[PDB]
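Below you will find one chain, with nothing else, as structure tokens; this is the form deposited in one PDB entry, and questions on how it binds or moves follow later.
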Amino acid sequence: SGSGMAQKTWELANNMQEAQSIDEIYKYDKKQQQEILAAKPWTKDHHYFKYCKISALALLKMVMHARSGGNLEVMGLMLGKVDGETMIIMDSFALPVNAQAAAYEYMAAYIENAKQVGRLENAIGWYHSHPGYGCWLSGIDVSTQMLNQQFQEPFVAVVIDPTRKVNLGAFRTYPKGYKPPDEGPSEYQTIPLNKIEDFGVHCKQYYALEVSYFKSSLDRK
């Protein structure tokens, strides 16, 4: 008696509670992100961030863009958020002249599209390719990333080599005049002779983040 109607109501309750849960999670993430963004811990610690988690969707799009330029460098922007000492990259878009209003209005539509599925994301960094010479920051890249870690903070610099296996680097510049201790050669990389000077000189003005990769529930399609 009312067994059929009970099943429908139970399904409806299950669906209504999922939506409410999604909204609650988004709102908790938003306030938790507004907390750290107003706190700015990265301004005091210079080795604050240590990890970079990249979604398979963001990697797919970045590698596709990188390949499309062939021998020529390519760049774009990354969407994500902060989680303690970890920079999370969830999505990315290619770049791209009156003004870069397009790069600003694209960014807003990605955040909005993600909001609909209950995903909290914002501009977290920039990516670019080094076709054939490896993952590191050139002198021009270090000057760019130092300025980014002033005006665009929190901001990460991803470098992809689409020619040679999983050749991706995630980096953070140190501030002008900051002398850090210890040694950081980590993984060995074969870079050309005509780039080794630019490499070795600036190779201490920044550091590498520990890159990890993840597939989200939404990043399965």
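By rigid core we mean the largest C-alpha set that fits within 1.5 Å across both forms. Numbering starts at 1 and follows the sequence shown. Only residues modelled in both forms are compared.
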Flanks modelled, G169 absent in at least a third of other entries:
no
*asked:* For the other entries of this protein included in the comparison (both sides of the residue modelled), is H202 absent in a third of them or more?
replied: yes
Between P96 and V97, the number of deposited residues left without coordinates comes to 4 to 9
Of the deposited residues between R164 and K165, the number without coordinates is 4 to 9
Comparing 152-160 with 173-181, the higher average Cα temperature factor in the PDB entry belongs to 173-181
The stretch whose C-alpha atoms carry the larger average B-factor in the entry, 212-220 or 3-11, is 212-220
Top Cα B-factor in this entry, restricted to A103, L137, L120, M90, sits on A103
Comparing C-alpha B-factors across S55, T190, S68, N194 in this entry, the winner is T190
The third of the chain into which the C-alpha temperature factor of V74 falls is the lowest
Of the three thirds of Cα B-factor ranks in this chain, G80 occupies the lowest
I36: CA B-factor among chain residues, third -> highest
Assert third(CA B-factor, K61) within chain per record equals lowest
Among the modelled residues of its chain, the C-alpha B-factor of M107 falls in the third labelled highest
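This protein has a second form, the form deposited in another entry, left out of what is shown; the following refers to that one.
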Just one entry of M146, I111, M75, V82 has its C-alpha move 2 Å or more between the shown form and the other one under rigid core superposition, and it is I111
query = Hey, does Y51 budge by 2 Å or more at the Cα between the shown form and the other one once the core is superposed?
reply = no
*asked:* I want to check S212: does it shift between the shown form and the other one by 2 Å or more at the Cα, with the core superposed?
replied: no
*Rigid core superposed: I36 CA moves 2 Å or more between the shown form and the other one*: yes
Checking the C-alpha spacing of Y127 and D29, a student should find that in the other entry it changes by 3 angstroms or more, with the atoms farther
Taking the shown form as reference, the Cα pair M90 and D23 shifts by 3 Å or more in the other entry and sits closer
Superposed on the core, the stretches of at least three consecutive shared residues with every Cα displaced by 2 Å or more between the shown form and the other one, in sequence order, are 1-40, 97-121
